[PDB]
There are 2 protein chains.
Amino acid sequence: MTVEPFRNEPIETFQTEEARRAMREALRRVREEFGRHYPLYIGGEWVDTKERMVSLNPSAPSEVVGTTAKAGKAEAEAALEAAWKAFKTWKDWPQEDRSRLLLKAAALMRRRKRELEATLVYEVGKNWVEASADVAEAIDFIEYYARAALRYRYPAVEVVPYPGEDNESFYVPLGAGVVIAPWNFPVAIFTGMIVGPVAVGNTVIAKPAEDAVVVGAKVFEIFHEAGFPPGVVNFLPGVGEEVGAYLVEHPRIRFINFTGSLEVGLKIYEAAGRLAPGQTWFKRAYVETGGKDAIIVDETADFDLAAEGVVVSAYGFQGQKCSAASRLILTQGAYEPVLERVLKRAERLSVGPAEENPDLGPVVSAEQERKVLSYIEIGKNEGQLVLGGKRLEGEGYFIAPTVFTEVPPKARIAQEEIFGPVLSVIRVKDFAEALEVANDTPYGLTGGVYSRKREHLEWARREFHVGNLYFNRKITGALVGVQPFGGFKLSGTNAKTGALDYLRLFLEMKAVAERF
Amino acid sequence: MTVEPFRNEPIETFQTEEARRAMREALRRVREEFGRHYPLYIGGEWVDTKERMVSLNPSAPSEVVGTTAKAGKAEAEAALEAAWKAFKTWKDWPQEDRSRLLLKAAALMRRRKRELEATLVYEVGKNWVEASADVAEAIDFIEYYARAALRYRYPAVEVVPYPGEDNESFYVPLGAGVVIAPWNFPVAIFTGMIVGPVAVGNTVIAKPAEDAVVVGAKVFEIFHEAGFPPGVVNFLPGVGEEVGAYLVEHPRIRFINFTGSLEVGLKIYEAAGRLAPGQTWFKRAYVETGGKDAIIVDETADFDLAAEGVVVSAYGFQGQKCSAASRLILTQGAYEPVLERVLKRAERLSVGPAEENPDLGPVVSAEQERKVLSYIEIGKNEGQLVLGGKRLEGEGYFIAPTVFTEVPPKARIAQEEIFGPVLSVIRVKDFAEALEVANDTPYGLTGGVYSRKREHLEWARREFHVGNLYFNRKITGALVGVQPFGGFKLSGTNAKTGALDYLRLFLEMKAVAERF
Ligand SMILES: NC(=O)c1ccc[n+]([C@@H]2O[C@H](COP(=O)([O-])OP(=O)(O)OC[C@H]3O[C@@H](n4cnc5c(N)ncnc54)[C@H](O)[C@@H]3O)[C@@H](O)[C@H]2O)c1
Ligand SMILES: NC(=O)c1ccc[n+]([C@@H]2O[C@H](COP(=O)([O-])OP(=O)(O)OC[C@H]3O[C@@H](n4cnc5c(N)ncnc54)[C@H](O)[C@@H]3O)[C@@H](O)[C@H]2O)c1
Ligand SMILES: CC(C)[C@H](N)C(=O)O
Ligand SMILES: CC(C)[C@H](N)C(=O)O
Ligand code: NA
Ligand code: NA
């Protein structure tokens with residue numbers, strides 16, 4: 001297979017009339033389709049259930065974006081049977097054939113990109129550019145993994161020769177596994193976690209997050225149209241603690257690919273270490289969990305550039321990113337100039353229904369709103385509230401951009417992942433103390449430094465202990481291929497997505513010697 | 001660093017007068033030192049304890065071959081402090097400097113190979129060639145990992161460029177971990193599991209098996225002379241379920257590298273999946289466990305070649321190998337010709353004190369003797385005893401080469417790892433049924449096929465589901481570099497030793513972007 005070198009899918013900014021027109025039409029058609037029902041997808045067919053999952057518009061939660069079927073244990077069992085049956089033959093497809101199937105799925109997704117973006121707008125309250133970045137990242141995962149998988153093809157392993165023998169080592173896929181996905185990047189992360197394993201010959205049962213079931217179904221429409229053989233990919237919208245846990249704990253699930261909260265990731269990793277009755281392997285579990293990500297700014301930085309990057313990092317998609325800047329660590333000389341600029345920029349941010357393309361749409365659900373507002377109340381007794389801290393008026397789950405300052409490094413709001421538009425500003429003496437504070441959390445996902453001092457940058461390169469570190473730019477929006485994504489510590493297992501190494505996680509190696 | 005391309009250390013056959021003379025000298029030196037006490041090695045110094053571990057000669061168990069100190073929880077804590085203190089600077093050594101240190105250790109080990117082999121003979125009952133293969137493999141791990149580590153050096157990761165930015169991804173070591181080692185290859189596996197992680201910048205607390213504490217101490221003499229910085233490698237002989245479990249469960253242990261029984265591997269993997277109080281990472285655990293390994297012979301095979309390979313595979317080091325052929329699966333046409341040849345060959349095998357270079361020495365301990373004899377009793381109830389099945393005269397734990405025939409595929413002796421000189425012979429209709437029987441165990445470590453039929457060999461290449469498969473040769477003695485070693489299913493986590501991939505298991509990746 002020979003294709004053009006990988007390039008990232010451009011993120012639409014909607015600055016041309018042509019792009020606005022296309023997006024307006026896409027939003028109109030998605031809105032016109034509110035209330036549609038999407039079944040499960042098991043063994044190559046759409047399968048309905050009596051029970052359903054309801055997906056609300058967080059900008060106007062009286063509105064039902066759509067419903068899906070709901071998978072329980074019986075549907076999990078049907079999906080397992082379909083996936084294992086498919087694995088038997090899918091594993092034997094030449095890699096080039098599997099990679100071409102991914103490339104077809106990528107082409108179909110690209111052709112439906114405005115529709116998928118519009119679905120994210122309505123279903124999870126992304127503004128237009130956040131929706132565009134999500135979809136472009138999904139396309140990037142497909143394009144990237146399609147190509148990366150060829151690097152593992154038979155027989156890929158470099159071995160030392162031996163006289164009178166052929167020695168051949170090669171990779172094989174593991175089997176049928178479960179993918180359990182978050183609501184915050186429900187096209188990008190959902191797609192990536194599915195297609196990586198599938199590319200190299202595994203089969204997958206995919207469990208979308210409850211708040212993002214409709215867009216998960218549209219991804220499955222694409223998979224079905226592309227023509228993945230029956231059983232290779234299966235779609236099981238349902239309750240995480242029910243069908244999700246059932247699959248995690250099952251003796252016949254080979255691997256678990258999870259992205260989500262630390263709380264859930266911990267349970268999954270523990271469960272994966274147990275031998276379920278009748279289980280005949282050691283389960284692999286990849287868990288990519290939260291962060292409490294900091295940007296450090298020292299007195300040498302471009303303060304205007306820093307303030308802009310902090311505001312993008314903290315408030316992009318309402319701070320509902322594992323990569324979001326939730327801590328701003330300012331050295332003494334940076335404190336006043338940077339905080340003043342951040343406050344000035346943040347107070348200008350618009351908040352409203354996502355379809356209007358505001359700076360911030362709503363948070364995703366009533367439960368998320370409750371948790372964020374609760375953390376705001378906690379924060380009021382830990383640090384100094386200097387901006388926002390309020391729910392805004394309206395049916396949708398609108399929360400104002402919020403800033404606390406003089407926050408103690410050990411405060412709950414400086415340690416725990418809030419996952420909302422809440423920035424905690426921490427004042428430190430110097431760059432050495434900035435690094436100490438940056439590192440002193442249980443997490444290690446993303447981080448940033450704004451500084452012109454080469455020695456501070458290079459020190460952070462060595463010692464700011466996060467998996468994804470950025471200098472003089474935003475700490476969100478890691479690009480597939482460019483920035484292998486994944487963290488340290490309680491940010492997860494360091495499964496680097498959008499990197500060659502990712503696919504090795506879903507392979508095992510055989511070594512076969514023939515003595516002639 | 002530029003060194004000669006990797007080659008495997010030649011295994012001494014002792015066919016020359018000089019080699020025999022050298023072995024006799026080494027045996028004499030080692031036995032003159034049977035009085036020796038070997039302390040713990042913690043933070044660059046030998047540290048003694050009140051309590052001790054005693055090591056016996058399994059060929060003459062009234063003879064003590066040495067004693068060592070005995071690590072408890074306090075010594076585990078001391079080793080942890082030392083290993084984490086050392087990690088802070090050892091991680092920052094240029095890879096070339098760490099690799100040179102391993103190369104020095106390999107040179108020192110090679111200079112002491114006869115002494116090490118003689119220690120294996122007396123301490124764990126290896127005959128001369130089994131001892132030589134063990135030491136040569138340890139040397140190989142050091143030479144191979146020294147070189148392989150350079151493939152990961154800063155900045156090793158292939159990433160996609162982005163305009164106006166430097167994007168740099170690179171590997172870093174994980175931290176301090178525990179290595180828990182078996183008695184059956186107590187130079188090779190002990191050395192490999194330590195030096196792989198250490199090569200790329202980790203530090204290690206090593207817990208040798210109780211039956212092989214003395215030879216483990218001698219490996220540490222080599223590490224000390226090579227000049228590993230204090231705390232980089234630590235030696236903690238002690239009780240598995242005490243000090244071993246304490247380290248496995250510890251919140252400050254970053255990774256576990258284990259080779260041993262399934263029973264213990266299951267406990268370790270389960271424990272590793274738990275977040276210990278105060279733990280701030282997801283532990284990595286690599287567990288390489290047992291096998292129930294089969295050789296298939298069909299009616300097209302060279303029956304004499306097959307019989308020789310089977311006897312080597314089944315009874316080499318008394319069958320106390322995770323790779324040992326414990327099942328012999330014969331198609332109808334192969335059954336009589338191969339079984340008659342195997343019986344003729346096996347009945348000629350000598351058994352006695354290991355230092356006399358018999359075909360078989362003793363099993364390693366009174367406990368192993370009890371286990372093997374108990375399985376022989378079970379076997380008498382499940383199949384037909386046709387050879388051996390008896391303890392042999394003398395204080396040493398001598399057990400005759402044993403063959404059961406007409407063994408049902410689901411018999412305990414056809415399913416459970418006996419780890420002694422006990423071969424179970426299974427008659428099957430044809431090659432398809434042979435593969436079915438081969439695959440139907442909880443294990444998947446090694447396997448073999450004797451056959452001249454190309455289609456049967458290539459069918460097995462695709463479908464005989466073991467990590468290390470061998471055609472028309474013995475299924476034991478995997479060579480570093482040549483045959484990446486590690487299995488499927490309950491044979492462990494497929495951490496392929498003696499392969500480039502091994503070192504990646506002890507690394508995490510950081511991605512650092514600078515926007516100019
Ligand atoms: N590290 C990363 O790459 C990354 C990326 C995106 C999001 N996240 C994390 O995701 C979190 C927000 O996502 P979320 O709210 O969907 O997370 P969540 O943990 O609440 O749920 C994630 C998924 O797990 C399922 N689930 C819930 N309980 C389960 C259980 N006991 N067993 C099996 N499955 C279960 C849910 O139904 C959902 O599909 C944040 O913490 C964020 O940091 C991390
Ligand atoms: N897969 C492989 O590469 C491979 C290679 C060699 C040996 N083995 C296996 O090794 C086994 C024989 O070795 P063994 O008898 O030394 O194995 P074992 O499991 O009894 O002990 C192995 C090591 O673990 C320690 N240990 C025992 N209980 C422990 C506990 N609960 N927690 C932590 N550590 C504990 C022991 O003290 C020893 O150091 C066989 O099953 C064989 O198949 C596997
Ligand atoms: C998907 C998400 C984690 C995105 N790649 C980011 O870094 O913000
Ligand atoms: C050390 C041991 C596992 C050896 N390499 C073998 O295959 O027998
Ligand atoms: Na929704
Ligand atoms: Na001994």
# chains A, B, ... in the order shown; residues from 1 in each chain; ligands from 1
$ residues_near_ligand --ligand "ligand 4" --cutoff "8 Å" --atoms "only C-alpha atoms and all ligand atoms" --output "JSON list (two decimals) with C-alpha atoms, in the first residue's frame"
[["chain", "number", "residue", "atom", "x", "y", "z"],
["B", 134, "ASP", "CA", 22.80, -20.70, 32.01],
["B", 137, "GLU", "CA", 22.73, -16.72, 28.61],
["B", 185, "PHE", "CA", 17.94, -20.13, 35.83],
["B", 188, "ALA", "CA", 20.58, -16.06, 33.38],
["B", 189, "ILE", "CA", 17.04, -14.93, 34.33],
["B", 321, "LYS", "CA", 12.35, -25.55, 32.75],
["B", 322, "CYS", "CA", 9.41, -23.40, 31.84],
["B", 323, "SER", "CA", 10.28, -24.44, 28.26],
["B", 324, "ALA", "CA", 10.51, -28.20, 29.01],
["B", 475, "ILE", "CA", 12.05, -26.61, 22.30],
["B", 476, "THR", "CA", 14.33, -25.54, 25.15],
["B", 477, "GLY", "CA", 17.41, -23.28, 25.14],
["B", 478, "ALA", "CA", 16.02, -20.12, 23.48],
["B", 479, "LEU", "CA", 19.00, -17.91, 22.66],
["B", 480, "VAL", "CA", 19.08, -14.21, 23.51],
["B", 485, "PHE", "CA", 11.42, -15.45, 24.74]]
$ residues_near_ligand --ligand "ligand 6" --cutoff "12 Å" --atoms "only C-alpha atoms and all ligand atoms" --output "ChimeraX atom specification"
/B:34,53-67,119-126,183-184,186,209-216,354,362-368,396-397
$ interface_residues --of "chain A" --to "chain B" --cutoff "8 Å" --atoms "only C-alpha atoms" --output "PyMOL selection string"
chain A and resi 158-162+167+169+266+269-275+280-282+442-443+461+466-473+481-485+487-490+492-494+496+499-500+508-516
$ select_by_dssp --residues "segment 307-458 of chain B" --states "strand (DSSP E or B)" --output "JSON, numbers by chain"
{"B": [325, 326, 327, 328, 329, 330, 331, 351, 360, 384, 385, 386, 387, 391, 399, 402, 403, 404, 405, 422, 423, 424, 425, 426, 427, 428, 446, 447, 448, 449, 450]}
$ write_last_selection --atoms "N, CA, C and O atoms" --output "tab-separated table (two decimals), in the first residue's frame"
chain	number	residue	atom	x	y	z
B	325	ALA	N	9.66	-29.87	27.45
B	325	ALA	CA	8.59	-30.67	26.82
B	325	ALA	C	8.04	-31.59	27.88
B	325	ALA	O	8.75	-32.51	28.33
B	326	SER	N	6.81	-31.32	28.32
B	326	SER	CA	6.13	-32.17	29.31
B	326	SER	C	5.02	-32.97	28.66
B	326	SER	O	4.45	-33.86	29.29
B	327	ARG	N	4.71	-32.66	27.40
B	327	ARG	CA	3.71	-33.41	26.66
B	327	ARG	C	4.32	-33.82	25.34
B	327	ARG	O	5.02	-33.03	24.69
B	328	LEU	N	4.06	-35.06	24.95
B	328	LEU	CA	4.49	-35.55	23.64
B	328	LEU	C	3.25	-36.02	22.91
B	328	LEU	O	2.60	-37.00	23.30
B	329	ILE	N	2.89	-35.28	21.87
B	329	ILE	CA	1.65	-35.51	21.15
B	329	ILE	C	1.99	-36.22	19.85
B	329	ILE	O	2.66	-35.67	18.97
B	330	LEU	N	1.55	-37.47	19.74
B	330	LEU	CA	1.91	-38.30	18.59
B	330	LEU	C	0.70	-38.66	17.75
B	330	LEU	O	-0.32	-39.16	18.28
B	331	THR	N	0.78	-38.40	16.44
B	331	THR	CA	-0.28	-38.85	15.53
B	331	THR	C	-0.21	-40.38	15.41
B	331	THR	O	0.81	-40.98	15.75
B	351	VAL	N	21.53	-40.71	36.02
B	351	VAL	CA	21.06	-39.81	37.06
B	351	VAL	C	22.00	-39.92	38.23
B	351	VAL	O	22.25	-41.02	38.73
B	360	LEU	N	21.11	-36.42	34.05
B	360	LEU	CA	20.24	-35.74	35.01
B	360	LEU	C	20.91	-35.65	36.37
B	360	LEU	O	21.40	-36.65	36.90
B	384	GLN	N	-0.70	-44.53	31.92
B	384	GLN	CA	0.05	-45.76	32.17
B	384	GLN	C	1.52	-45.45	32.36
B	384	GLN	O	2.17	-44.92	31.45
B	385	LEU	N	2.05	-45.78	33.53
B	385	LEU	CA	3.47	-45.63	33.77
B	385	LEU	C	4.25	-46.65	32.95
B	385	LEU	O	4.01	-47.85	33.08
B	386	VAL	N	5.16	-46.19	32.09
B	386	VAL	CA	5.97	-47.11	31.27
B	386	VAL	C	7.48	-47.01	31.48
B	386	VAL	O	8.24	-47.87	31.03
B	387	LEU	N	7.91	-45.95	32.15
B	387	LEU	CA	9.32	-45.79	32.49
B	387	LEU	C	9.50	-44.93	33.73
B	387	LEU	O	8.78	-43.93	33.90
B	391	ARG	N	11.84	-42.43	42.95
B	391	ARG	CA	13.01	-41.86	43.59
B	391	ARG	C	14.17	-42.84	43.45
B	391	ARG	O	13.97	-44.05	43.51
B	399	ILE	N	15.48	-38.37	40.86
B	399	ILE	CA	14.24	-38.92	40.35
B	399	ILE	C	14.49	-39.42	38.93
B	399	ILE	O	15.09	-38.72	38.11
B	402	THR	N	10.85	-40.17	33.69
B	402	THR	CA	9.53	-40.80	33.78
B	402	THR	C	8.69	-40.55	32.52
B	402	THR	O	8.70	-39.43	32.00
B	403	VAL	N	8.01	-41.60	32.05
B	403	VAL	CA	7.10	-41.54	30.92
B	403	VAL	C	5.74	-42.16	31.30
B	403	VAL	O	5.69	-43.32	31.77
B	404	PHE	N	4.67	-41.39	31.10
B	404	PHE	CA	3.30	-41.92	31.12
B	404	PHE	C	2.75	-41.93	29.70
B	404	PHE	O	2.96	-40.97	28.94
B	405	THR	N	2.06	-43.00	29.34
B	405	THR	CA	1.41	-43.10	28.03
B	405	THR	C	-0.10	-43.21	28.22
B	405	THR	O	-0.59	-43.32	29.34
B	422	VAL	N	9.14	-35.66	33.95
B	422	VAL	CA	7.92	-36.43	33.75
B	422	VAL	C	7.28	-36.05	32.42
B	422	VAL	O	6.79	-34.92	32.25
B	423	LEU	N	7.29	-37.00	31.48
B	423	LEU	CA	6.74	-36.80	30.14
B	423	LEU	C	5.42	-37.53	29.97
B	423	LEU	O	5.31	-38.73	30.28
B	424	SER	N	4.41	-36.81	29.49
B	424	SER	CA	3.07	-37.36	29.28
B	424	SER	C	2.87	-37.55	27.78
B	424	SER	O	2.96	-36.60	27.01
B	425	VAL	N	2.59	-38.78	27.38
B	425	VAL	CA	2.46	-39.12	25.95
B	425	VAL	C	0.98	-39.25	25.59
B	425	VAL	O	0.23	-39.98	26.26
B	426	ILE	N	0.57	-38.52	24.54
B	426	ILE	CA	-0.82	-38.42	24.14
B	426	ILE	C	-0.95	-38.84	22.69
B	426	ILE	O	-0.32	-38.28	21.81
B	427	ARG	N	-1.80	-39.83	22.44
B	427	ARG	CA	-2.02	-40.33	21.09
B	427	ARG	C	-3.18	-39.57	20.45
B	427	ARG	O	-4.25	-39.41	21.05
B	428	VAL	N	-2.99	-39.10	19.22
B	428	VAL	CA	-4.07	-38.39	18.51
B	428	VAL	C	-4.22	-38.93	17.10
B	428	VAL	O	-3.33	-39.60	16.62
B	446	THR	N	6.21	-22.61	25.22
B	446	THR	CA	6.94	-23.22	24.12
B	446	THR	C	6.19	-24.40	23.50
B	446	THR	O	5.28	-24.98	24.10
B	447	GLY	N	6.61	-24.75	22.30
B	447	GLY	CA	5.98	-25.83	21.57
B	447	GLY	C	6.91	-26.24	20.47
B	447	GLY	O	7.78	-25.47	20.05
B	448	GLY	N	6.71	-27.46	19.97
B	448	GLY	CA	7.56	-27.98	18.90
B	448	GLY	C	6.80	-28.89	17.97
B	448	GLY	O	5.79	-29.50	18.35
B	449	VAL	N	7.27	-28.95	16.73
B	449	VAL	CA	6.71	-29.89	15.75
B	449	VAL	C	7.85	-30.59	15.06
B	449	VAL	O	8.74	-29.93	14.51
B	450	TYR	N	7.84	-31.92	15.09
B	450	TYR	CA	8.70	-32.68	14.20
B	450	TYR	C	7.86	-33.22	13.05
B	450	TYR	O	6.87	-33.93	13.28
$ select_by_dssp --residues "segment 120-339 of chain B" --states "helix (DSSP H, G or I)" --output "MDAnalysis selection string"
chainID B and resid 120:124 128:150 188:199 210:226 240:249 262:272 303:319 332:339
$ closest_residue --among "B:156, B:239, B:19, B:129" --to "residue 69 of chain B" --atoms "only C-alpha atoms"
B:239
$ closest_residue --among "A:244, A:230, A:182, A:389" --to "ligand 3" --atoms "only C-alpha atoms and all ligand atoms"
A:182
$ decode --residues "segment 213-314 of chain A" --atoms "C-alpha atoms" --output "CSV table (one decimal), in the first residue's frame"
chain,number,residue,atom,x,y,z
A,213,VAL,CA,-24.3,8.2,22.5
A,214,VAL,CA,-25.7,9.9,19.4
A,215,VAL,CA,-22.4,11.0,18.0
A,216,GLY,CA,-21.0,7.5,18.8
A,217,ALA,CA,-23.7,6.0,16.7
A,218,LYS,CA,-22.9,8.3,13.8
A,219,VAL,CA,-19.3,7.1,14.0
A,220,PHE,CA,-20.7,3.5,13.7
A,221,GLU,CA,-22.7,4.5,10.6
A,222,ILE,CA,-19.4,5.4,9.1
A,223,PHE,CA,-17.8,2.0,10.2
A,224,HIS,CA,-20.8,0.1,8.7
A,225,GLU,CA,-20.6,2.1,5.4
A,226,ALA,CA,-16.9,1.5,5.2
A,227,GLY,CA,-17.6,-2.2,5.4
A,228,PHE,CA,-15.8,-3.6,8.5
A,229,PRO,CA,-16.8,-7.3,8.5
A,230,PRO,CA,-19.6,-8.3,10.9
A,231,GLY,CA,-18.3,-8.5,14.5
A,232,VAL,CA,-15.1,-6.5,14.0
A,233,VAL,CA,-16.6,-3.3,15.6
A,234,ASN,CA,-19.6,-3.4,17.9
A,235,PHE,CA,-21.5,-0.4,19.4
A,236,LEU,CA,-22.9,-0.8,23.0
A,237,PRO,CA,-24.3,2.4,24.4
A,238,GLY,CA,-25.3,1.8,28.0
A,239,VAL,CA,-24.5,2.5,31.6
A,240,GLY,CA,-20.8,2.4,32.5
A,241,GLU,CA,-21.2,0.9,35.9
A,242,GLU,CA,-23.4,-1.8,34.4
A,243,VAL,CA,-22.5,-3.0,30.9
A,244,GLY,CA,-19.0,-1.3,31.1
A,245,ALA,CA,-18.1,-3.0,34.4
A,246,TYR,CA,-19.6,-6.3,33.1
A,247,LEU,CA,-17.2,-6.3,30.1
A,248,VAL,CA,-14.2,-5.2,32.2
A,249,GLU,CA,-14.7,-8.0,34.6
A,250,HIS,CA,-15.5,-10.7,32.0
A,251,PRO,CA,-13.2,-13.8,31.7
A,252,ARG,CA,-13.5,-13.5,27.9
A,253,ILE,CA,-12.4,-9.9,27.4
A,254,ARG,CA,-8.8,-9.8,26.3
A,255,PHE,CA,-8.0,-6.1,26.8
A,256,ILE,CA,-9.6,-2.9,28.0
A,257,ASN,CA,-8.9,0.4,26.4
A,258,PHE,CA,-10.2,3.1,28.7
A,259,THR,CA,-10.2,6.9,28.7
A,260,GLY,CA,-12.0,8.7,31.5
A,261,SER,CA,-11.9,9.7,35.2
A,262,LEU,CA,-9.2,8.6,37.6
A,263,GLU,CA,-12.0,7.2,39.9
A,264,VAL,CA,-13.2,4.8,37.2
A,265,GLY,CA,-9.7,4.1,35.8
A,266,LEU,CA,-8.6,2.9,39.2
A,267,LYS,CA,-11.5,0.4,39.4
A,268,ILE,CA,-10.8,-0.8,35.9
A,269,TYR,CA,-7.1,-1.3,36.4
A,270,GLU,CA,-7.7,-3.2,39.6
A,271,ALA,CA,-10.4,-5.4,38.0
A,272,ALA,CA,-8.1,-6.1,35.0
A,273,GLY,CA,-5.4,-7.5,37.4
A,274,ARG,CA,-7.8,-10.2,38.6
A,275,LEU,CA,-8.3,-13.6,37.0
A,276,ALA,CA,-12.0,-14.0,36.5
A,277,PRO,CA,-13.3,-17.6,36.8
A,278,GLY,CA,-12.3,-19.5,33.7
A,279,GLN,CA,-10.1,-16.7,32.3
A,280,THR,CA,-7.0,-18.0,30.4
A,281,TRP,CA,-4.8,-14.9,30.1
A,282,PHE,CA,-3.5,-11.9,31.9
A,283,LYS,CA,-5.7,-8.9,30.8
A,284,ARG,CA,-4.1,-5.8,29.4
A,285,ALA,CA,-5.7,-2.6,30.6
A,286,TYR,CA,-4.8,0.8,29.2
A,287,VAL,CA,-6.3,3.6,31.3
A,288,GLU,CA,-5.8,7.2,30.4
A,289,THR,CA,-7.1,9.2,33.3
A,290,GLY,CA,-7.3,12.9,34.3
A,291,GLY,CA,-4.9,15.7,35.0
A,292,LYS,CA,-4.4,18.8,37.1
A,293,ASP,CA,-2.4,20.6,34.5
A,294,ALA,CA,-0.4,23.8,35.2
A,295,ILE,CA,1.0,26.5,33.1
A,296,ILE,CA,4.0,28.3,34.7
A,297,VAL,CA,4.9,31.8,33.7
A,298,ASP,CA,8.1,33.5,34.8
A,299,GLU,CA,9.1,37.2,34.7
A,300,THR,CA,10.9,36.8,31.3
A,301,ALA,CA,7.8,35.7,29.4
A,302,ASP,CA,5.8,37.5,26.8
A,303,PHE,CA,2.9,38.3,29.2
A,304,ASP,CA,0.4,39.0,26.4
A,305,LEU,CA,1.2,35.8,24.7
A,306,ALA,CA,1.0,33.9,28.0
A,307,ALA,CA,-2.4,35.4,29.0
A,308,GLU,CA,-3.9,34.4,25.6
A,309,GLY,CA,-2.5,30.9,25.9
A,310,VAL,CA,-3.7,30.5,29.5
A,311,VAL,CA,-7.2,31.6,28.6
A,312,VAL,CA,-7.4,29.2,25.6
A,313,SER,CA,-6.0,26.4,27.7
A,314,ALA,CA,-8.2,27.0,30.8
